[PDB]
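Okay, here we've got a single chain as structure tokens, the form deposited without its partner chain, with questions on binding and movement later.
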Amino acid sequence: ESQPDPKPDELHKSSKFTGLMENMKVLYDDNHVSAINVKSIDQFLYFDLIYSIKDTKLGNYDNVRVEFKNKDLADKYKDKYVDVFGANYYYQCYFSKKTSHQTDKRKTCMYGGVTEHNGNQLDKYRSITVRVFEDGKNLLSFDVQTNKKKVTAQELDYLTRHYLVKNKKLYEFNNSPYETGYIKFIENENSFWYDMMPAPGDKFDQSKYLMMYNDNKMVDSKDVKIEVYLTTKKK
């Protein structure tokens, strides 16, 4: 482990949140952004990149603003053909307005989720394994596919939670069947985790939560073991 493991009393208790879990749920539902082999078409601020990605299905957007943790990340991907994938939001998705601007009609926002296209593709779809423990008891386990060599943690986080939402009711309209939960991404000896439950209060900010993905943290699809730890509600 590299990042100190979450101590029990460090995790967000879902019961302390009283403001509709539907805002979290929505992020890990069937909808999300995905682009393959595309180049940025504009930029709002030094730390973001506007991608022409149309919502082929729902039709909610045409352009996606991808904000990063710093200017370096943006410049690094600016005018470079990459692949995009991530949980997006609309509420506080403020960007451009009209030409650093561009963008006419339908738009959404996200963080990180950028990876190079060439030299990162794989013939056969990789299959990582998720070990979910419910009060330590590892009752559930499933596989998460992909075909990128250096896949971002975000793409895996979405893929993992998605399964849990549909099969384990991870997130519900108003709350969750779990008190606490965190997803642990382990590579070699290094490991990092993310808190799956919202902060205390009566309101959830999708924008601030997702901002945890702005580091554009990538993981090696061959050296990754994912483990989800959940505590149930003591009914």
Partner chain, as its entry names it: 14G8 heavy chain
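Basically, rigid core = biggest C-alpha set you can superpose within 1.5 Å across the two forms. Only residues modelled in both forms are compared. Numbering follows the first chain given and starts at 1.
What follows is about the form deposited with its partner chain bound, which we do not show.
- Contact annotation for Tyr51: none of its heavy atoms lies within 4.5 Å of its partner chain in the bound PDB entry.
- Looking at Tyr81, you'd find every heavy atom of it more than 4.5 angstroms from its partner chain in the bound PDB entry.
- Interface residue remark: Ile186 is counted as part of the site for its partner chain in the bound PDB entry, having a heavy atom within 4.5 Å.
- In this core-based overlay, residues 7-9 form the only run of three or more whose Cα positions differ by 2 Å or more between the shown form and the other one.
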